[PDB]
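These notes are about the structure you will find just below.
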Amino acid sequence: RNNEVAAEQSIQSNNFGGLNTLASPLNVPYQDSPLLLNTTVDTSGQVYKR
Amino acid sequence: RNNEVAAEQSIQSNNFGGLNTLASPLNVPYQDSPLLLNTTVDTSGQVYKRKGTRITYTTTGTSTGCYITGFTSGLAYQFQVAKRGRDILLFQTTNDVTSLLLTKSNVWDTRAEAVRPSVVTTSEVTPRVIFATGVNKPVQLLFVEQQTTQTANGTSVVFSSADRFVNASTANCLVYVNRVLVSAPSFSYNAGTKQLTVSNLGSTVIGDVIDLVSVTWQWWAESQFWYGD
Amino acid sequence: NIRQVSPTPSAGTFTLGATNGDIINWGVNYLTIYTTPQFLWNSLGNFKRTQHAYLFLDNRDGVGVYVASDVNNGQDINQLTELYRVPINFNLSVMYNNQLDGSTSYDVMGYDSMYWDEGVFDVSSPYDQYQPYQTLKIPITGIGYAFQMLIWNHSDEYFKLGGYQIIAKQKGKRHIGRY
Amino acid sequence: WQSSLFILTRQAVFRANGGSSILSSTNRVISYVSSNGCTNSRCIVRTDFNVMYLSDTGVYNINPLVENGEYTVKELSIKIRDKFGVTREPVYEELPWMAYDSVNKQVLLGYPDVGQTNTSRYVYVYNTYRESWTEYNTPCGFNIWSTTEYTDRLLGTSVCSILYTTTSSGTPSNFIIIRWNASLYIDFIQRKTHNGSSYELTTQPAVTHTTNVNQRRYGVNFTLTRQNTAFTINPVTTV
Amino acid sequence: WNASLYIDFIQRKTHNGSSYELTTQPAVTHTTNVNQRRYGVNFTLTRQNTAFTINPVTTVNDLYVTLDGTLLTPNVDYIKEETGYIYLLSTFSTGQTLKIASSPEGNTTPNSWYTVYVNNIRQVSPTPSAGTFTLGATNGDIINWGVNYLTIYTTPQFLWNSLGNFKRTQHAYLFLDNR
Amino acid sequence: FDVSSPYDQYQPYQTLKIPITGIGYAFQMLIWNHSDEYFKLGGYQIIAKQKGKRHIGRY
Amino acid sequence: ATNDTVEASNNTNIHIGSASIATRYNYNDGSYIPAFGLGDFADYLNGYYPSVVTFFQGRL
Amino acid sequence: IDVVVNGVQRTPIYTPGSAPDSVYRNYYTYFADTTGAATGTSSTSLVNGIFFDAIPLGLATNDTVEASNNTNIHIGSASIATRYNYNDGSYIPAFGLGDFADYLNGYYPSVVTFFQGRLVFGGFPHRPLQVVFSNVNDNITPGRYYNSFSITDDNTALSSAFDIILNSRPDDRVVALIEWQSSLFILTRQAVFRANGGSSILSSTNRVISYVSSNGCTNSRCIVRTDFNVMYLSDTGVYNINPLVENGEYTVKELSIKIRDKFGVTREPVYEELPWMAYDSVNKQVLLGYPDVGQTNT
């Protein structure tokens, strides 16, 4: 529990994982997004408009 | 203790481990299940109900030593080649509806009636399916195809140089008009000129594509090859 | 595409009082079961009183409804329209102390028909199916050193469990047996 | 597989590799892979990652070794060992079969039971990526002769199996072709247009016993009845 | 790909008094049936070429819905549903035309589905006529026009490892690069 | 004065604090845009507090 | 002739189905296809025939 | 039939003793079957062979002969039946291509690539699992490249054309061909094969086909090479081809494991040609165009 709770109170800047529509919404990694539309995901984890 | 207790109070979403009936109920991992019945387990750990089965073909009769395989012949033409007892069956399935096309009866004998064969297909110009039973001779099912275009508006077509369709009949040959099977075509082969007239095709417009697929079965006979020298 | 009450078969064959030209689909139900691993909190003697089971279900395959263009042979259009193509419902059984005489909650998604004071307007029953992702809180009150859950079904209904969580509290080692 | 020819004999696995040339009369070298044999010619499949085969004790894939490049066997059905082992009688050797469903990355295993010598009765599905197992079960059993992958002229690539549902004196009396992954969630789906006629059903799942006054316990499942129309029961005894 | 602006199908032209051609307006058309209340909007449910994607947030009024030319209210006349459907709440008849067009700024600016620049100055989008619009710009001005597209980034669902416990959110801190 | 609108755009690196007051067992954010405007999210953080198990449903 | 091809085949239709014929393949059913040298390994008198077939490097 | 000797087109001879019969390097045409042979007497005579028995007999030992069929069927209406003379719609001689492509029924290769300086034709409607490699560059005719496809005993050199026959599951055909890491990957609709020449070039005597995986490809436009790997689109997702540390042989790894639910529309044959893959090297990206149910155009 501690790992997940501390991760979800932490700063989420490592968003380089891109789109993950296979995992359950409870199981989507903190690096992934369940819905990406017209967003470019950079290697450093920055998500910007295309 | 802390690891197990925290895991068992945690959300269990990583259920991708599938069925585990060897481990004791104490030792089953949290990713596995001790009893799965008709459940599909996804890569992501989601467990859903499996889809049902649809009956595409039904018939009555004694069946032993059966086998089925998928096949595609020289043109883009998909069939199901099956062995049922002593017989070979050719099926074609469209929209969950399977139609029995050809039945080659008494291909094998009573010793191989209940014997399941080893089956392999060849990607030749004239493809063939090879059946091997341990008690009977190897068998081959050969598909010979020809293609033509329709030149006149009528119920008949003429295949030129159709020297491979000398014995074309309803029990051997299938006719496709614009990829649609003809239920009852009539065949007439000319010995003097290599021409096969196929009639009872229905309404054929000029430019329609007619495909002729002859399915035959042979056995493998022992032989010796020598040169004249 | 309307589920009927199954008539009594006669010599392996049954009859229906349907109009000529109607499409009939029939098949045999099969039993679907998902069993969770037994939770013992690393103790073979301590009781665990369970309080709630949280089930996270994905209903994206069941949020589809029938439209007016699916009407066949002039059937009752109102019976078909706004009807869910894939019904979603399942049973939840919880067993304790290695015994198979567990407590079962039968229809957790809700009723498949409209009930007074339970159904909602403008949403087809069950109304919990129409949510693409749903969380069901099922109260499962029982005491045992080991507890286990089976999510099962034996009808034409479909379920897709995305996750689960069991809440429990630990008591003393006072187990004696089943007899 | 992988530039090699694997010869699976009933008690062993052999590998033939031609090296940099083709396998000829002067270029054959036979390597002994394992002492774990195969059941029949229909229990070998190639998946997107490996080659799988059914032995007497389970399912094994063939994979190369890091040390020298030689091949060995790894047991994939390690978690379901108790479900295997019927095939060491020769009468049950021909029944089991294996098929590859590439649409869902699954392997279908038809495996028999004791008392049913006609076909295999159980179906086990192997998800290839997670190396995971599950069971497909239907009332009266999935009595399957053979399963293959075909192409419907309209629906595309599909998986079909050949079954029997009615038995006459221990011999199948019907021949049915079914397709997996149907649009409904019931087994043996039949569609028909109503013309005033009646609709045929399959065998009802039931077991019959002749009661003895001194016997009060009667089996219900196939393991205890050995009857064709035996079904699986809900393990919850309060249902 | 990778144009200098953030709109799709960018066209550049010099103003000579002529009109400017637009692409197909994202919209779906249905023939209403009195017994059907739910109508699909996305391609998965409509199979129409001009079908567009909608904002998954159902409280966002990003649709322009007309019934025989009469504009409907986002919450009084219809309902934007979570499953790609629109539920009609009012009274209608069979054979009427229901048109659902993409209007990201709501019913107030139905022409808000495309952006027009006159000399690198964004203008209010005029109402197009037969797929073509006119501007009151001076001759020689540079006109850039294109179609807006929906850009969405979704954060992972936060549960704090609990499916039953409430989480009161207070603030979201967003760190942005404006270089 | 002397700064074009929006004046928060003119800072090369910006941090926006947005109050989002709500109660739920699960929460999720969409950062979206349906116009000609451009955004580049470099990071995010959510502040939340835990409350005890009283969810009943949406109807 | 030095380049003449000779194929001698046994057309005995035993150990095979009753719909077979003892004639060479002429686009018929139940005819025989010559297998050069197969009888040196398969017993065509006692009925011992191969039971497993595969393809490897263009060889059956 | 048009015959070119030493770069100059020659006139056929029909009636012996005529005016073109006394010109050197002229040819007669003939037909031959089991019942005998007949020499062509007119331009409408059905012939399938040539010889050079004119009043001056034969050719020089190093003369080059190119006999081509100039029948402009199965081609566009702007084509012409004349040899290439810096014009439009003319024909370029393909030496031996007709031995594999059916120029009468219209079966022609559909997949093309380059490997080791050889032009590779992979997809034939009637020969689905046959791959034809041309000669090495400008070995037969100086100047012209990749023009020889004949596999006969006339030229038995290792630099000449050759072919590979693949054995696989039913309903399988070659859909893609690519070159990667000293190997040639032949992606058939239901399988992946690898051809490696070893320390030498891939010739008729140095071909070994390895079975990589049972996961096929959709079409020839769903194969790309990136800066790190080679990717292809299958029915279930996107897969890259990478070597194994165990023995050095190649396997496949699924890259679109997180978006599997978005794939699977292509197991209907009508949707197989629609999807495509492209590589943007500027942004290190791969663009996948994927279809949906209902749109069969693109």
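Protein chains in written order, with the authors' numbering: chain L, 11 to 60; chain U, 11 to 239; chain C, 837 to 1015; chain G, 539 to 777; chain E, 718 to 896; chain W, 957 to 1015; chain H, 419 to 478; chain S, 360 to 657.
Where is the CB? At the ideal position from N, CA and C, for every residue including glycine.
Going by other Cβ atoms of all chains shown within 10 Å of its Cβ, with 16 needed for buried, is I432 (chain H) buried or exposed?
exposed
Could you name the residues of chain L that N24 (chain U) contacts, counting a contact when the two beta carbons are closer than 8 Å?
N37
Does the count of Cβ pairs from the region 61 to 70 of chain U and the region 889 to 899 of chain C closer than 8 Å reach three?
These segments do not touch.
Where are the beta strand (DSSP E) runs, 3 residues long or more, that stay fully inside the region 580 to 652 of chain G, in chain order?
582 to 584, 589 to 592, 597 to 602, 609 to 613, 635 to 639 and 644 to 649
Taking one C-beta from the region 137 to 150 of chain U and one from the region 228 to 238 of chain U each time, how about it: are there three or more such pairs within less than 8 Å?
Result yes; three or more Cβ-Cβ pairs closer than 8 Å.
Considering only residues of the region 378 to 462 of chain S, which uninterrupted beta strand (DSSP E) runs meet the minimum length of 3 residues and lie entirely inside it, listed in chain order?
386 to 392, 395 to 398, 408 to 410 and 424 to 427
In angstroms with no decimal places, state the Cα-to-Cα distance between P975 (chain W) and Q967 (chain W).
21 Å
In chain order, what are the residue ranges of uninterrupted alpha helix (DSSP H) at least 4 long that sit wholly in the region 866 to 949 of chain C?
The qualifying runs are 913 to 916.
Tell me whether the beta-carbon of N565 (chain S) lies closer than 8 Å to the beta-carbon of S572 (chain S).
No, they are not a contact pair.
Helix, strand or coil: which one does DSSP assign to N989 (chain C)?
strand
In chain U, what lies closer than 8 Å to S34 (chain L) by C-beta?
In chain order: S23, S54, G55 and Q56.
Is the Cβ-Cβ distance between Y920 (chain C) and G898 (chain C) less than 8 Å?
Yes, Cβ-Cβ distance for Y920 (chain C) and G898 (chain C) is below 8 Å.
Could you check the C-alpha separation between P137 (chain U) and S43 (chain U) for me, to the nearest Å?
46 Å
For the region 540 to 571 of chain G, list every residue whose C-beta sits within 8 Å of some C-beta in chain S, in sequence order.
The region 540 to 571 of chain G vs chain S, Cβ under 8 Å: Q540, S541, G556, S558, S559 and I560.
Taking the straight line between their C-alpha atoms, what separation do you get for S929 (chain C) and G946 (chain C)?
16 Å
Rounded to the nearest angstrom, what separates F141 (chain U) and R553 (chain S) at their Cα positions?
29 Å
Cα-Cα, which of S:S401, S:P371 and S:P501 is closest to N385 (chain S)?
When each option's Cα is compared against that of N385 (chain S), the closest is S:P371.
Of all the beta strand (DSSP E) runs that stay within the bounds of the region 512 to 579 of chain S, which reach a length of 3 or more residues?
521 to 524, 533 to 539, 542 to 547, 550 to 555 and 568 to 572
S20 (chain U) versus chain L: which residues are under 9 Å apart at the beta carbon?
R11 and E14
Decide if the region 711 to 729 of chain G is in contact with the region 68 to 83 of chain U; the criterion is three or more beta carbon pairs, one per stretch, under 8 Å apart.
yes
When we look at the beta-carbon of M590 (chain S) and count the other beta-carbons within 10 Å, is it buried (16 or more) or exposed?
buried
Rounded to the nearest angstrom, what separates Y609 (chain G) and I600 (chain G) at their Cα positions?
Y609 (chain G) and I600 (chain G): Cα-Cα distance of roughly 7 Å.
Tell me which same chain residues have a C-beta within less than 7 Å of the C-beta of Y795 (chain E), skipping the five on either side of it?
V782, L789, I803, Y804, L805 and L806
Less than 8 Å separating the beta-carbons of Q489 (chain S) and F521 (chain S)?
no
Label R1014 (chain C) either buried or exposed according to how many other C-beta atoms from any shown protein chain fall within 10 Å of its C-beta, with 16 as the threshold for buried.
The residue in question, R1014 (chain C), is exposed, as its Cβ has fewer than 16 Cβ neighbours within 10 Å.
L646 (chain G) and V663 (chain G) look like a contact to me (Cβ under 8 Å); what is the Cβ gap, rounded to whole Å?
6 Å
Quick check: does the Cβ of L784 (chain E) come within less than 7 Å of any heavy atom belonging to the ligand HEM?
Summarising the ligand content, the structure contains no ligands, and the ligand HEM is consequently not present.
Rounded to the nearest angstrom, how far is the Cβ of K617 (chain S) from that of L32 (chain L), given a contact under 8 Å?
Right, the Cβ-Cβ distance comes to about 5 Å (below 8 Å), so this counts as a contact.
My guess is that residue 1 (chain U) and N882 (chain C) are in contact by the Cβ rule of under 8 Å, so how many angstroms apart are they, rounded?
The structure shown does not extend to residue 1 (chain U), since chain U spans only 11 to 239, so no value can be given for it.
Provide the residue span of the beta strand (DSSP E) that contains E155 (chain U), from first to last.
Its beta strand (DSSP E) spans residues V149 to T159.
Using a Cβ distance threshold of 8 Å, determine whether the region 190 to 197 of chain U contacts the region 206 to 219 of chain U, with at least three qualifying pairs required.
yes
What number of angstroms, rounded off, separates the C-alpha of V567 (chain S) from the C-alpha of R580 (chain S)?
26 Å
So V534 (chain S) and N578 (chain S) are supposed to be a Cβ contact under 8 Å. How far apart are they, rounded?
For a cut-off of 8 Å, the C-beta gap from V534 (chain S) to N578 (chain S) is around 6 Å, short enough to register as a contact.
List the residues of chain E whose Cβ lies closer than 8 Å to the Cβ of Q970 (chain C), in chain order.
Ordered by position in chain E, no residue passes the 8 Å Cβ test against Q970 (chain C), which lies about 11 Å from the chain.
Can you give the Cα-Cα distance for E738 (chain G) and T689 (chain G), rounded to whole angstroms?
28 Å
Please list the partners that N878 (chain E) has in chain L, where partner means a Cβ-to-Cβ separation under 8 Å.
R11, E14 and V15
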